[PDB]
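Shown next: data20.cif, given as mmCIF, C-alpha atoms and all ligand atoms.
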data_work
loop_
_atom_site.label_atom_id
_atom_site.label_comp_id
_atom_site.auth_asym_id
_atom_site.auth_seq_id
_atom_site.Cartn_x
_atom_site.Cartn_y
_atom_site.Cartn_z
CA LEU A 1 15.95 -20.69 -17.75
CA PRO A 2 14.24 -17.30 -17.48
CA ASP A 3 11.84 -16.41 -20.30
CA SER A 4 13.79 -13.20 -20.75
CA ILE A 5 16.79 -11.36 -19.32
CA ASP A 6 18.42 -7.95 -19.70
CA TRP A 7 21.79 -7.43 -18.04
CA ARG A 8 21.49 -3.73 -18.84
CA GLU A 9 18.51 -3.52 -16.49
CA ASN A 10 20.44 -5.60 -13.96
CA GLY A 11 23.13 -2.91 -14.03
CA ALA A 12 25.90 -5.04 -15.53
CA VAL A 13 26.41 -3.06 -18.74
CA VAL A 14 28.21 0.25 -19.32
CA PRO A 15 27.03 2.71 -22.01
CA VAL A 16 27.62 1.82 -25.67
CA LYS A 17 31.09 2.68 -26.98
CA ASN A 18 32.50 3.38 -30.44
CA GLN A 19 35.51 1.51 -31.85
CA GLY A 20 35.81 4.15 -34.55
CA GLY A 21 37.90 3.40 -37.62
CA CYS A 22 39.86 0.73 -35.76
CA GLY A 23 39.19 -2.97 -36.30
CA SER A 24 39.06 -3.73 -32.59
CA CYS A 25 35.52 -5.09 -32.26
CA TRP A 26 37.04 -8.19 -30.64
CA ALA A 27 38.53 -5.99 -27.91
CA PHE A 28 35.19 -4.29 -27.26
CA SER A 29 33.37 -7.63 -27.10
CA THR A 30 35.91 -8.97 -24.61
CA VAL A 31 35.71 -5.86 -22.42
CA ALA A 32 31.91 -5.86 -22.38
CA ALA A 33 31.87 -9.49 -21.23
CA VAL A 34 34.44 -8.83 -18.50
CA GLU A 35 32.64 -5.69 -17.33
CA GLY A 36 29.52 -7.81 -17.03
CA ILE A 37 30.93 -10.72 -15.02
CA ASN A 38 32.77 -8.36 -12.67
CA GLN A 39 29.59 -6.47 -11.80
CA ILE A 40 27.65 -9.71 -11.40
CA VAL A 41 30.29 -11.06 -9.02
CA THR A 42 31.39 -7.90 -7.19
CA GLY A 43 28.51 -5.50 -7.77
CA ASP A 44 30.88 -2.83 -9.07
CA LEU A 45 30.31 -1.77 -12.67
CA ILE A 46 33.62 -0.50 -14.05
CA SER A 47 34.30 0.52 -17.65
CA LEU A 48 37.43 -1.30 -18.82
CA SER A 49 40.19 -0.60 -21.35
CA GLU A 50 39.88 -1.91 -24.92
CA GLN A 51 43.10 -0.12 -25.86
CA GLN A 52 45.16 -2.16 -23.41
CA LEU A 53 43.83 -5.30 -25.12
CA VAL A 54 44.54 -3.83 -28.55
CA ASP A 55 48.11 -2.92 -27.58
CA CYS A 56 48.85 -6.00 -25.47
CA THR A 57 47.12 -9.03 -27.00
CA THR A 58 50.21 -10.21 -28.89
CA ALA A 59 48.37 -13.06 -30.62
CA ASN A 60 45.87 -10.61 -32.12
CA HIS A 61 46.44 -7.89 -34.72
CA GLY A 62 45.26 -4.77 -32.92
CA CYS A 63 43.22 -2.54 -35.23
CA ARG A 64 43.57 -5.18 -37.93
CA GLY A 65 41.50 -7.82 -36.17
CA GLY A 66 41.68 -10.57 -33.59
CA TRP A 67 39.72 -13.04 -31.47
CA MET A 68 38.18 -12.64 -28.00
CA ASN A 69 39.72 -15.71 -26.33
CA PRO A 70 43.32 -14.53 -26.85
CA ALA A 71 42.19 -11.27 -25.22
CA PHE A 72 40.63 -13.13 -22.28
CA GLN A 73 43.95 -14.97 -21.98
CA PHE A 74 45.90 -11.72 -21.78
CA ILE A 75 43.69 -10.45 -18.96
CA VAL A 76 44.38 -13.73 -17.16
CA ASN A 77 48.12 -13.49 -17.85
CA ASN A 78 48.24 -9.82 -16.85
CA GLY A 79 46.39 -10.50 -13.62
CA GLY A 80 43.67 -8.12 -14.72
CA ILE A 81 42.68 -5.31 -17.05
CA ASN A 82 43.05 -1.54 -16.67
CA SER A 83 40.08 0.78 -16.38
CA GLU A 84 38.88 2.73 -19.40
CA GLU A 85 40.04 5.95 -17.72
CA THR A 86 43.66 4.99 -16.95
CA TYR A 87 44.21 3.42 -20.38
CA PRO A 88 41.87 5.40 -22.72
CA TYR A 89 40.87 4.33 -26.22
CA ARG A 90 42.92 5.82 -29.05
CA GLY A 91 41.47 3.79 -31.90
CA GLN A 92 44.88 2.82 -33.27
CA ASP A 93 47.69 0.35 -32.67
CA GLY A 94 50.15 1.31 -29.96
CA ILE A 95 52.88 -0.04 -27.71
CA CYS A 96 51.69 -2.15 -24.79
CA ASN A 97 52.35 0.41 -22.05
CA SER A 98 53.65 -1.40 -18.97
CA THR A 99 54.23 1.94 -17.22
CA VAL A 100 50.48 2.54 -16.99
CA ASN A 101 49.59 -1.06 -16.18
CA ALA A 102 47.24 -1.12 -13.19
CA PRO A 103 44.55 -3.84 -13.41
CA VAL A 104 41.32 -3.01 -11.60
CA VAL A 105 39.33 -6.02 -12.80
CA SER A 106 40.58 -9.60 -13.02
CA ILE A 107 39.20 -12.94 -14.17
CA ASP A 108 40.18 -16.53 -13.38
CA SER A 109 39.47 -18.12 -16.75
CA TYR A 110 37.15 -18.18 -19.76
CA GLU A 111 35.01 -20.79 -21.49
CA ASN A 112 33.50 -21.51 -24.89
CA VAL A 113 29.76 -22.07 -25.23
CA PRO A 114 28.84 -25.36 -26.94
CA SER A 115 28.24 -24.20 -30.52
CA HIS A 116 25.33 -24.76 -32.90
CA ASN A 117 22.84 -24.62 -30.04
CA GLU A 118 20.78 -21.52 -29.27
CA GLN A 119 19.55 -23.25 -26.10
CA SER A 120 23.14 -23.55 -24.88
CA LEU A 121 23.81 -19.91 -25.72
CA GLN A 122 20.63 -18.91 -23.89
CA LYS A 123 21.76 -20.79 -20.79
CA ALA A 124 25.07 -18.90 -20.89
CA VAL A 125 23.44 -15.50 -21.46
CA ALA A 126 21.07 -16.18 -18.56
CA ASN A 127 24.15 -16.21 -16.31
CA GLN A 128 26.16 -13.37 -17.85
CA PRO A 129 26.76 -11.33 -21.02
CA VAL A 130 28.40 -13.47 -23.71
CA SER A 131 31.01 -12.56 -26.32
CA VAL A 132 30.04 -13.72 -29.80
CA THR A 133 30.96 -13.40 -33.47
CA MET A 134 28.39 -12.61 -36.15
CA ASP A 135 28.33 -11.90 -39.85
CA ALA A 136 27.97 -8.12 -40.05
CA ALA A 137 29.37 -7.65 -43.56
CA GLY A 138 25.94 -7.47 -45.18
CA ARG A 139 23.88 -4.36 -45.89
CA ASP A 140 20.84 -5.60 -43.96
CA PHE A 141 22.84 -5.91 -40.74
CA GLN A 142 24.81 -2.68 -41.16
CA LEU A 143 21.75 -0.67 -42.14
CA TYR A 144 19.70 -2.08 -39.26
CA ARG A 145 17.83 0.63 -37.34
CA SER A 146 15.23 -0.95 -35.05
CA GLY A 147 13.01 -3.93 -34.31
CA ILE A 148 13.93 -7.61 -34.40
CA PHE A 149 16.53 -8.24 -37.10
CA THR A 150 15.25 -10.87 -39.52
CA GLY A 151 17.26 -9.56 -42.45
CA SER A 152 19.62 -11.40 -44.79
CA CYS A 153 23.06 -12.41 -43.50
CA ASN A 154 25.45 -15.38 -43.61
CA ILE A 155 27.41 -17.03 -40.79
CA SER A 156 30.98 -15.80 -41.33
CA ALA A 157 32.65 -14.69 -38.09
CA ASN A 158 33.79 -11.26 -39.25
CA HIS A 159 32.48 -9.20 -36.33
CA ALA A 160 32.59 -9.53 -32.54
CA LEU A 161 29.77 -8.43 -30.25
CA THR A 162 28.35 -9.07 -26.78
CA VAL A 163 24.95 -10.61 -26.09
CA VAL A 164 23.58 -8.83 -23.02
CA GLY A 165 20.22 -10.58 -22.88
CA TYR A 166 17.20 -11.99 -24.69
CA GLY A 167 13.42 -11.78 -24.83
CA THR A 168 10.28 -11.98 -26.96
CA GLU A 169 8.12 -9.54 -28.91
CA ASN A 170 5.23 -10.06 -31.33
CA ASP A 171 5.62 -13.81 -30.77
CA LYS A 172 9.21 -13.60 -31.99
CA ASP A 173 12.24 -14.40 -29.83
CA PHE A 174 15.37 -12.25 -30.00
CA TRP A 175 18.87 -11.68 -28.64
CA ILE A 176 19.87 -8.31 -27.20
CA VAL A 177 23.30 -7.70 -28.73
CA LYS A 178 25.59 -4.82 -27.80
CA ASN A 179 27.57 -3.45 -30.75
CA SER A 180 30.54 -1.07 -30.66
CA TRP A 181 29.60 1.30 -33.48
CA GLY A 182 28.35 4.08 -31.23
CA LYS A 183 24.90 4.97 -29.92
CA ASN A 184 23.80 6.26 -33.32
CA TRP A 185 23.69 2.75 -34.78
CA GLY A 186 20.72 0.41 -34.46
CA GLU A 187 18.67 0.70 -31.29
CA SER A 188 20.94 3.10 -29.39
CA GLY A 189 23.95 0.95 -30.24
CA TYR A 190 22.12 -2.36 -29.88
CA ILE A 191 20.61 -4.87 -32.31
CA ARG A 192 17.87 -7.34 -31.41
CA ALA A 193 18.60 -10.31 -33.67
CA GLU A 194 15.95 -13.00 -34.07
CA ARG A 195 16.41 -15.93 -31.68
CA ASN A 196 15.49 -19.61 -32.04
CA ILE A 197 15.67 -19.69 -35.84
CA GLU A 198 15.84 -22.67 -38.21
CA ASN A 199 19.61 -22.76 -38.81
CA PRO A 200 21.64 -24.32 -35.95
CA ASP A 201 24.26 -21.60 -36.45
CA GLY A 202 21.81 -19.02 -35.16
CA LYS A 203 21.16 -15.61 -36.69
CA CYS A 204 24.20 -14.48 -38.67
CA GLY A 205 26.14 -17.34 -37.07
CA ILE A 206 25.75 -16.07 -33.50
CA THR A 207 26.23 -19.56 -32.00
CA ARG A 208 29.47 -20.30 -33.86
CA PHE A 209 32.18 -18.76 -31.65
CA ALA A 210 30.66 -17.74 -28.32
CA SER A 211 32.70 -17.63 -25.11
CA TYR A 212 32.61 -15.89 -21.73
CA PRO A 213 34.99 -14.92 -18.91
CA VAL A 214 35.03 -16.87 -15.65
CA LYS A 215 35.43 -15.09 -12.32
CA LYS A 216 35.16 -16.97 -9.02
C1 LIG B 1 26.23 -18.96 -46.35
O1 LIG B 1 26.71 -18.95 -47.70
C2 LIG B 1 26.86 -20.26 -48.23
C3 LIG B 1 27.74 -20.16 -49.45
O2 LIG B 1 29.11 -20.19 -49.08
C4 LIG B 1 25.48 -20.82 -48.52
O3 LIG B 1 25.59 -22.13 -49.15
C5 LIG B 1 25.31 -22.39 -50.49
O4 LIG B 1 23.91 -22.13 -50.69
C6 LIG B 1 23.45 -22.54 -52.00
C7 LIG B 1 22.02 -22.06 -52.15
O5 LIG B 1 21.93 -20.65 -51.97
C8 LIG B 1 23.57 -24.05 -52.14
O6 LIG B 1 23.10 -24.46 -53.42
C9 LIG B 1 25.03 -24.47 -51.97
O7 LIG B 1 25.11 -25.89 -51.93
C10 LIG B 1 25.62 -23.90 -50.67
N1 LIG B 1 27.06 -24.10 -50.70
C11 LIG B 1 27.67 -24.68 -49.67
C12 LIG B 1 29.18 -24.85 -49.77
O8 LIG B 1 27.07 -25.07 -48.66
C13 LIG B 1 24.71 -20.95 -47.20
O9 LIG B 1 23.31 -21.10 -47.50
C14 LIG B 1 22.67 -22.27 -47.05
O10 LIG B 1 21.26 -22.22 -47.32
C15 LIG B 1 20.53 -23.42 -47.00
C16 LIG B 1 19.06 -23.12 -47.22
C17 LIG B 1 21.03 -24.55 -47.87
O11 LIG B 1 20.90 -24.20 -49.24
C18 LIG B 1 22.50 -24.80 -47.56
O12 LIG B 1 23.01 -25.80 -48.43
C19 LIG B 1 23.32 -23.51 -47.75
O13 LIG B 1 24.62 -23.73 -47.22
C20 LIG B 1 24.89 -19.77 -46.21
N2 LIG B 1 24.83 -20.34 -44.87
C21 LIG B 1 23.94 -19.92 -43.98
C22 LIG B 1 23.97 -20.61 -42.63
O14 LIG B 1 23.13 -19.01 -44.20
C1 LIG B 2 53.31 5.06 -21.48
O1 LIG B 2 52.61 5.71 -20.42
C2 LIG B 2 53.46 6.65 -19.70
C3 LIG B 2 52.57 7.32 -18.67
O2 LIG B 2 51.44 7.92 -19.30
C4 LIG B 2 54.10 7.70 -20.66
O3 LIG B 2 55.19 8.35 -19.97
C5 LIG B 2 55.03 9.53 -19.26
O4 LIG B 2 55.01 10.57 -20.25
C6 LIG B 2 55.00 11.89 -19.65
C7 LIG B 2 54.80 12.89 -20.76
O5 LIG B 2 55.63 12.61 -21.87
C8 LIG B 2 56.31 12.12 -18.89
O6 LIG B 2 56.29 13.41 -18.29
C9 LIG B 2 56.47 11.04 -17.81
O7 LIG B 2 57.77 11.16 -17.22
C10 LIG B 2 56.30 9.63 -18.38
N1 LIG B 2 56.20 8.68 -17.29
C11 LIG B 2 57.29 8.34 -16.60
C12 LIG B 2 57.09 7.34 -15.46
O8 LIG B 2 58.42 8.78 -16.84
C13 LIG B 2 54.65 7.07 -21.96
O9 LIG B 2 54.91 8.10 -22.91
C14 LIG B 2 53.64 6.08 -22.55
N2 LIG B 2 54.17 5.43 -23.75
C15 LIG B 2 55.08 4.47 -23.68
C16 LIG B 2 55.55 3.87 -24.99
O10 LIG B 2 55.55 4.06 -22.61
#
Exercise: express the given structure as structure tokens:
Amino acid sequence: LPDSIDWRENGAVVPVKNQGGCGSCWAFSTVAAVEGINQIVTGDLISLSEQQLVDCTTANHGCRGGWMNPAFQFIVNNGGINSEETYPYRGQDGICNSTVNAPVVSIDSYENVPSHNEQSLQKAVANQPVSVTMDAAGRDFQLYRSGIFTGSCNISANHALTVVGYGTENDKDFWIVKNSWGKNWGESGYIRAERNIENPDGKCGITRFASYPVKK
């Protein structure tokens, strides 16, 4: 496994987005992961539609929450996902528009990363960006500005993000996590959470519900 990796530098990550006042973090995490695997496999970096997922993932609750896997499943069922441009983000629940359906990026499947193991998560991230859930309900996390996050947080899966890499600084390991709260939050929209900590659940429970899309 590489000592460090940054999919942003590898050109597999599109600029940070903003979910706004819509509880669709799960959709943004799913899209980021798919955008990553597509570029890694095809070389083309395309920004995908979170709105389509919000409107079409019937098992999820749109702006009221949802999980990434059901979203991955929709993309599989739909034979792909629309581009961000053809199905723009509205930040609110809407009808799954079949009239505008035109998948540009498709995936074959998706897999879960063996939980409670930062080494396993690292192996997955070394191959592609990984969708994860973290506890972002605390003040420390939400008020994070820069540096390696070592603040106070539990392990509840109340927020979905995308790990786009990992590295080390000042003898402290960290995960490079892409958030969907805009570029004004954290380090230009990213948060470097401490990696290889004591608790098997990882920082803020990052190793609890991690999964990634599979594209042959
Ligand atoms: C997330 O919050 C839970 C509470 O739901 C923490 O667990 C409680 O922690 C207190 C001490 O602060 C302990 O006396 C309770 O037994 C424990 N309750 C349950 C149901 O486990 C939990 O903190 C964890 O901290 C470690 C050091 C240890 O005390 C452990 O027992 C405890 O669960 C928080 N979990 C994480 C991963 O941060
Ligand atoms: C779904 O997307 C389509 C396309 O953006 C929307 O329908 C078009 O709406 C324009 C403006 O109202 C009309 O001029 C077009 O005739 C419509 N397309 C077609 C093929 O007739 C539609 O409003 C969106 N919403 C829903 C629920 O389908």
Write out as a Markdown table the residues of chain A that have any atom within 12 Å of an atom of ligand LIG 2 (chain B), one row each with the nearest atom pair and its distance in Å to one decimal, counting only C-alpha atoms and all ligand atoms, sorted by chain and then rising number.
| residue | atom | partner | partner_atom | distance |
| --- | --- | --- | --- | --- |
| A:52 | CA | B:LIG2 | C1 | 11.1 |
| A:55 | CA | B:LIG2 | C16 | 10.4 |
| A:56 | CA | B:LIG2 | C16 | 11.9 |
| A:85 | CA | B:LIG2 | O2 | 11.7 |
| A:86 | CA | B:LIG2 | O2 | 8.6 |
| A:87 | CA | B:LIG2 | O2 | 8.6 |
| A:88 | CA | B:LIG2 | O2 | 10.5 |
| A:93 | CA | B:LIG2 | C16 | 11.5 |
| A:94 | CA | B:LIG2 | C16 | 7.8 |
| A:95 | CA | B:LIG2 | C16 | 5.5 |
| A:96 | CA | B:LIG2 | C16 | 7.2 |
| A:97 | CA | B:LIG2 | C1 | 4.8 |
| A:98 | CA | B:LIG2 | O10 | 6.8 |
| A:99 | CA | B:LIG2 | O1 | 5.2 |
| A:100 | CA | B:LIG2 | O1 | 5.1 |
| A:101 | CA | B:LIG2 | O1 | 8.5 |
| A:102 | CA | B:LIG2 | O1 | 11.3 |
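When only C-alpha atoms are used to compute distances to residue A:177, the closest of the residues A:50, A:6, A:140, A:44 turns out to be A:6.
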Straight-line distance linking atom CA of residue A:72 with atom CA of residue A:36, stated in Å to one decimal = 13.4 Å
Quick one: everything within 12 Å of residue A:213, counting only C-alpha atoms, minus sequence neighbours fewer than 3 positions away in the same chain. Send it as a PyMOL selection string.
-> chain A and resi 29-38+40-41+68-76+80+105-113+124-125+127-131+162+210+216
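Pairwise distance (atom CA of residue A:149, atom CA of residue A:204) equals 10.0 Å.
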Near residue A:82, counting only C-alpha atoms, which residues have an atom at most 6 Å away, once you skip same-chain residues fewer than 6 positions from it, shown as a ChimeraX atom specification?
-> /A:49,102-104
Would you name the residues within 7 Å of ligand LIG 1 (chain B), counting only C-alpha atoms and all ligand atoms, and put them as a PyMOL selection string?
-> chain A and resi 153-155+199+201+205
Interatomic distance, atom CA of residue A:17 to atom CA of residue A:209 (Å, one decimal) | 22.0 Å
